């Protein structure tokens, strides 16, 4: 049923490079999902996780794991994760996480969203969520959500931080129930200490911007 949540099967594994003994043994950790009632989502999730490893992509998560373990140098690791952030009004909001370490100063984190509409059997892009011609108006509301985020973090009067980290767009937009979530990659609008900043645009600020049929059922 559309107003019922989709049941899901969790596929988790941690694999070490074969024959390697020690703390420096290369490791691949994959935590993904399968949807028995919506099987179209299974390859959509797999591809979205493979995109976070990017050059053509491996054909599968098992091909990626095999390739990484075959060429990894000592101490390297790769983490990929897909989890259901929310289910509401026929929408499935999948949150994606990645962590890549290749012997550098530190690791490389990644984040992403999947906004899957079960009514249409479609992944929604920002373009699919908006009233035609309103992208400019959407990022104007995002700018306001940035100002609210600065005030919440006591950065409202810190002009040196604001010049260093001006407002930027993000490809990661989720149709969360409480507000529209804008999730930022590390080091885009803040230092790594702020992790992955989340901007929230209230739905009443998006009247005539976001398609009305995508507003939460309240």
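Residue numbers count along the first chain shown, from 1.
In terms of unmodelled positions of the deposited sequence, the chain runs continuously from residue 154 to residue 155 in this entry. Here 22 to 30 and 185 to 193 are compared by their mean Cα B-factor, and 22 to 30 comes out higher. In this entry, the higher average B-factor at the C-alpha atoms falls on 155 to 163, of the pair 155 to 163 and 169 to 177. Comparing the listed residues 62, 69, 57, 45, the entry records the largest Cα B-factor for 57. The PDB entry gives the largest Cα B-factor of the residues 90, 107, 110, 75 to 90. Sorting the modelled residues of the chain by their CA temperature factor places residue 49 in the lowest third. Per-chain ranking of the deposited C-alpha B factor places residue 11 in the highest third. Annotation for residue 119: C-alpha temperature factor in the highest third relative to the rest of the modelled chain, per the entry. Among the modelled residues of its chain, residue 127 has a C-alpha B-factor that falls in the highest third according to the deposited record. When all modelled residues of the chain are sorted by CA temperature factor, residue 143 is found within the highest third.
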